[PDB]
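What follows is a single structure, and I will ask about it in a moment.
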Amino acid sequence: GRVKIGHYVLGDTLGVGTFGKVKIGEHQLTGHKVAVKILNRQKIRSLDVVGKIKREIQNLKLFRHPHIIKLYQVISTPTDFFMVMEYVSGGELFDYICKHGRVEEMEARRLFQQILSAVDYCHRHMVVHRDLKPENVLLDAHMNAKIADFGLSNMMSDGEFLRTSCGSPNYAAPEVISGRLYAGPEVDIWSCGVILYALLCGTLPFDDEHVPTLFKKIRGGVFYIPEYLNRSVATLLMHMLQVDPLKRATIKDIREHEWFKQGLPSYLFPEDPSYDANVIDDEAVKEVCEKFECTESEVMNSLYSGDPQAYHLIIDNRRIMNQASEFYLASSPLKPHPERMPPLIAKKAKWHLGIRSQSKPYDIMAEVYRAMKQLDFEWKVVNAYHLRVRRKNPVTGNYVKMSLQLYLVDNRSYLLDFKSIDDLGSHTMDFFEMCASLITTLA
Amino acid sequence: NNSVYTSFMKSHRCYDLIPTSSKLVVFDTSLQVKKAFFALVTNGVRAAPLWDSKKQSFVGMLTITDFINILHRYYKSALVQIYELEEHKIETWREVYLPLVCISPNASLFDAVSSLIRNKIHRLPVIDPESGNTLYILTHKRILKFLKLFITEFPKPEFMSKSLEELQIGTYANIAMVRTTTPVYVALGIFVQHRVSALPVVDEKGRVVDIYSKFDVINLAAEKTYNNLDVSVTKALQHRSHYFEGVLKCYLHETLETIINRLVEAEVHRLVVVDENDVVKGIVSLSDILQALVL
Amino acid sequence: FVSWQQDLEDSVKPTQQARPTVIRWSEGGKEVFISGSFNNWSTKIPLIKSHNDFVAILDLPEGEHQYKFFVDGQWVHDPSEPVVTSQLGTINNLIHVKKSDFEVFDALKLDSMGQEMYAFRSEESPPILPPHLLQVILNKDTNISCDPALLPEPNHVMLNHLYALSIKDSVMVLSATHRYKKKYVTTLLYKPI
Ligand SMILES: OC[C@H]1O[C@@H]2O[C@H]3[C@H](O)[C@@H](O)[C@@H](O[C@H]4[C@H](O)[C@@H](O)[C@@H](O[C@H]5[C@H](O)[C@@H](O)[C@@H](O[C@H]6[C@H](O)[C@@H](O)[C@@H](O[C@H]7[C@H](O)[C@@H](O)[C@@H](O[C@H]8[C@H](O)[C@@H](O)[C@@H](O[C@H]1[C@H](O)[C@H]2O)O[C@@H]8CO)O[C@@H]7CO)O[C@@H]6CO)O[C@@H]5CO)O[C@@H]4CO)O[C@@H]3CO
Ligand SMILES: Cc1ccc(Oc2nc3nc(-c4ccc(-c5ccccc5O)cc4)c(Cl)cc3[nH]2)cc1C(=O)O
Ligand SMILES: Nc1ncnc2c1ncn2[C@@H]1O[C@H](COP(=O)(O)O)[C@@H](O)[C@H]1O
Ligand SMILES: Nc1ncnc2c1ncn2[C@@H]1O[C@H](COP(=O)(O)O)[C@@H](O)[C@H]1O
């Protein structure tokens, strides 16, 4: 009578991740197999990962993708947390590249289409799996990609850049190895490009013995292009593995590519059933619209299960509004629009980010402090360059909050950034009044 | 059940009309009125709401109508500079010219269309109650374009396929118009007198050749030709001559469904009507169509 | 089809089916046994052996229960985990279970382990600017066919960041993108100095 949880008997260890160990889960009554990730509560509490573990549980339950490890149930005990999730018999992709060698152009395409579909699904739900590698990517008996180990994934916050860096020197974008600030999606595409090179060639595009020369190869962005792979797939790998994050390919760029378009199934990138795609909820705002019009919130909860009756008709109407692109969004490069204004006679003016300075960074900090002390400002110094200024409006009587961060453009060039923090008077206007009052005082 | 056009509104909120990504301009009452009209040209926006720093809330709405109103009142001649336009601020002229007229995004479409008809305005801004800031500036063109999107799935009734002669939509009598030799100052006076968005440029025989709308006035500020209003309306519309696919005109023997489909495709506000041969005939605007859709 | 799948997840209501307890100990001893207050110290529960770790699952009720391990015929308690002194003499390891729900438990776990509204000067290299901010949505030109007030979909990072144009005249120009209700709005401000 071996170790049992919830009708499930624990067996052989699959492996050990960044946090906890995964052990094979076998049903006693039926014989169904699950992967049980055992996270020791004491080891989670010993570090500040308690917040990262909470988000990882919430995100895995929120996801509903056929190419992502499905989380069944999170069993909690006083000593440790148990995560009962989808088991895949085929094993890791890294072992398949070593055993079977380089996968055929058509077969490797199918696996790349499935892996990118899961990466695209994560980006839609504002989650970025920073540790993408064939070790973290698993396969089943029917040979289908499944992404696991979300312990290194982080949320996509509006007006925030994540500088945290993953351990693996390979599969990490040039901005990651340099330790510079970046946005989440660009790294996942670079991580997908190196994976695309892995099953097509068999080896890594940037590989070296010692760490310093390896970093020089990634920053250079020069990789070997073999003779066997065609002209179409070669152009994709070059566009996917770019040094510049803006010049690099995006989720829309790969979907529009000729090599990727072929052998692509219909269920991979849906447009109409994208609203029901997320398991977790109907839009929270959406529920209220139905609550403010007819019934109190939490109404028809049984009804939603029942299907008797209403909110689904409002969600289906949102899909029709999202279908027409020309009405809700503008396209950047045809007959001229009647509301288009002719150019003014005196050159087009060009917008720029905040205010720039050429003086020492220590001098700019002393300059922003003396300007803030002149007005009635109250803040909290987080970092030697990061400030969270708060000013109370005298007319409305409401508190207005905004962020300040110092950056550098070139060797002798410096920049100051103004960010708005959401809480009678307009919030968007009050942030502008708070900004103008500091820019006018400073020089 | 009989009125399917009314059911499209009321049930649908104002939020659905607001695009995913938009451009909005806000002017502080303390800046010069001449610099504000020159700012609308550089940004390409037709209208922009006004903000008061002392009151800490939106007071007015700056439109091209204000630029029309200034000129009739203050223009002296082509020789004498309009000393008022340059010196006047947004707040100073606001005290001379005549509550905030706006709508909520949570509020119904039926309550938004009624606000444009009752207050007799073309541009109505939408302000969030929880946030306090402006989101979008609603227009008659945007409401009908939103209707043409949802009405395709619904079957149109008998009155939707009715001719212009049988229907009562559009002001058939006392139509104000300009001629090919009529100066800009005389044309601008009609915009303040009769209070209409479009003025049709009609030949001495009775043939419609061009159309001078409130938007065509912004060209005087764009080219800085506002100092000479003595010149004819043909000279004021000489800029579009190279890139213009003729004036939009429909017939009296045309169905309401065809008339609505013509306005959304052309993206124009007022639609000229002529019979048999080009001739003066009552003009039908979006304000007539939207009023008929409500009642 | 999709609606049905979404519906199925919705039907489920969060709950935990079983409430067990881990009870583990790491040693090099072949025979391991554990006795506590749940079985009233009458029987010795056998530990299943992981190659290194030893663990035995037992559905214990909520409350304070004192247990002691017995390795190779020697009753020795676990040092690493908290222990309480018994009336007999020996200080046995105490296991106290109250809540075993993941969301609540995390918060309690979360609870375990600079100054509010305090303006003060700080004493004693800046981070490199991301190139995603350099590209401005207002600098980008759209099609001649589409509406002028309409703009393309902006990157999430860009919004809430203030963008200002150099002042030709006394008047000052500054704008920022904000998101409302999953809607994006780029508000411009004209105000003289
Ligand atoms: O058997 C139950 C018991 O099992 C475990 O205890 C083991 C322990 O882990 C081992 O280390 C070892 O303990 C030895 C110990 O080191 C020695 O000291 C000796 O103890 C003797 C005392 O030195 C001596 O003073 C006297 O003790 C008196 C007690 O102080 C006094 O309280 C009373 O004893 C009775 C208690 O009053 C009463 O509360 C009740 O106690 C029970 C506990 O409540 C219950 O948890 C359980 O204890 C476990 C223990 O948790 C395990 O770790 O059973 C207890 C007994 O029923 O009943 C007590 C009955 O004595 O009176 C005595 C004096 O008469 O005598 C004791 C020895 O009798 O003992 C070990 C010598 O190697 O082995 C023990 C094995 O129990
Ligand atoms: C990295 C790590 C993670 C978790 C951890 O704590 C736990 N180890 C655990 N082992 C087990 C466990 C118990 C029995 C078995 C087992 C034994 C025999 C046959 C089959 C089995 O599954 C395997 C693992 C359980 Cl259920 C919970 C655990 N909690 C300890 C460590 C650690 O080594 O520091
Ligand atoms: N050129 C015109 N002359 C006279 N009346 C008009 C003209 N154009 C529109 N109208 C009418 O004036 C009202 C408002 O017009 P508009 O400002 O174009 O919405 C509508 O009821 C129209 O029927
Ligand atoms: N019936 C029409 N035919 C041709 N052009 C028009 C017509 N109505 C409006 N316009 C033009 O469309 C632009 C915007 O019109 P409005 O929406 O009426 O301000 C102006 O430049 C007008 O010259």
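Chain B is numbered as in Swiss-Prot, which gives 25-122, 128-324 for the residues shown.
Placed from the backbone N, Cα and C atoms, the Cβ positions cover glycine too.
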Which candidate from B:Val104, B:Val130, B:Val142 does Swiss-Prot annotate alongside B:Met85, B:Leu86, B:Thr87, B:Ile88, B:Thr89, B:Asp90, B:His151, B:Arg152 at the AMP 1 binding site?
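Only hit among B:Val104, B:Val130, B:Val142 in Swiss-Prot's AMP 1 site, alongside B:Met85, B:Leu86, B:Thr87, B:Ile88, B:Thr89, B:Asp90, B:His151, B:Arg152: B:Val130.
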Have a look at B:138-159, B:160-181, B:226-247, B:270-291 and point to the one annotated motif 'AMPK pseudosubstrate' in Swiss-Prot.
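The listed stretch tagged motif 'AMPK pseudosubstrate' in Swiss-Prot is B:138-159.
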Looking at Swiss-Prot, B:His151, B:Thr200, B:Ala205, B:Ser226, B:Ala227, B:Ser314, B:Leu315, B:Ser316, B:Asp317 are annotated for AMP 3. Which of B:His112, B:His298 sits in that same site?
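Within the candidate list, Swiss-Prot flags B:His298.
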According to DSSP, collapsed to three classes, what secondary structure does B:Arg269 (AMP 2 binding site) have?
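Reduced to three states, the DSSP call for B:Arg269 (AMP 2 binding site) is coil.
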Among the binding-site residues B:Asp90, B:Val130, B:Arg152, report those whose Cα falls within 10 Å of that of B:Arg70 (AMP 2 binding site); none is a fine answer.
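So far as Cα distances go, the binding-site residues lying within 10 Å of B:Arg70 (AMP 2 binding site) are B:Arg152.
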Filter the recorded positions B:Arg70, B:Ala227, B:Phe244, B:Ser270: retain a residue only if its CB is under 8 A from a CB of chain A. Output in sequence order; output 'none' if empty.
B:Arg70, B:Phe244
In the same chain, who gets a Cβ under 8 Å from the motif 'AMPK pseudosubstrate' (B:138-159) while lying at least 6 residues past its ends?
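For the motif 'AMPK pseudosubstrate' (B:138-159), the list is 30, 32-34, 36-38, 40-42, 70-71, 73, 82, 85, 87, 130-132, 165-169, 172, 224, 226, 298, 316, 319-320, 322-323.
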Taking the Cα atoms as reference points, how far is B:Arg152 (AMP 1 binding site) from B:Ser261 (phosphoserine) in Å?
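Cα-Cα, rounded: 29 Å.
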Return one of helix, strand or coil for B:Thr87 (AMP 1 binding site), based on DSSP.
coil
B:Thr87, B:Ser314: which of these binding-site residues has the sparsest Cβ neighbourhood within 10 Å?
B:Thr87
Go through the recorded positions B:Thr89, B:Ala227, B:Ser261 and tell me which ones have a CA within 10 A of the CA of B:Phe244 (AMP 2 binding site).
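So the list reads B:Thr89, B:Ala227.
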